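Given next, in structure tokens, is a single chain: the form deposited in one PDB entry.
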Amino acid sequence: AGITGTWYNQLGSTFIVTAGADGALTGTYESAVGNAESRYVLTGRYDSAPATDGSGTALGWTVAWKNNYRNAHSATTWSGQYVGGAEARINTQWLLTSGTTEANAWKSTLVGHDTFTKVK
């Protein structure tokens, strides 16, 4: 499957994941600094039987930005695909929703993209 392990995004945020045999993703997400106060639980799912035609392996995961140290009252989901080989990558787009009042709900959600690599 090639997904289990440590991954690094374009700015060095660190995605630590186990791809279980049942299609589960479990792990932690943290900043490039690597300090414990920046580390959060993640969970998600992946395609455990992907195509063997050069297509990527679809996956997604969520972090709610609450840990024992802080709480941003927000959650990010990453949706994307793992691409194997000598240029291995996880290519994602993400949605970060903050808890808001209804009056501020129109501006609750940020969107962006993250590309993860196996080396920093």
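Shifts are known only where both forms have a C-alpha. Counting begins at 1, following the sequence as shown. Under this definition, the rigid core comprises the largest set of C-alpha atoms superposing within 1.5 Å between the forms.
Only in words, not in the display: the form deposited in another entry, which the text now covers.
Trainee: Identify which of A32, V83, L95, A58 has its C-alpha displaced by 2 Å or more between the shown form and the other one once the rigid core is superposed.
Mentor: The listed residue whose C-alpha shifts by at least 2 Å is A32.
Trainee: So the C-alpha spacing of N35 and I16 changes by 3 Å or more in the other entry; is that change toward closer or farther than shown?
Mentor: Those two alpha carbons end up farther apart in the other entry.
Trainee: Relative to the form shown here, do the C-alpha atoms of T26 and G34 sit closer together or farther apart in the other entry, given a change of 3 Å or more?
Mentor: Note: Cα gap between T26 and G34 widens in the other entry.
Trainee: Just list the residue ranges, at least 3 long, where Cα displacement is 2 Å or more throughout between the shown form and the other one after aligning on the core.
Mentor: In sequence order there is one run that relocates between the shown form and the other one, which is 31 to 38.
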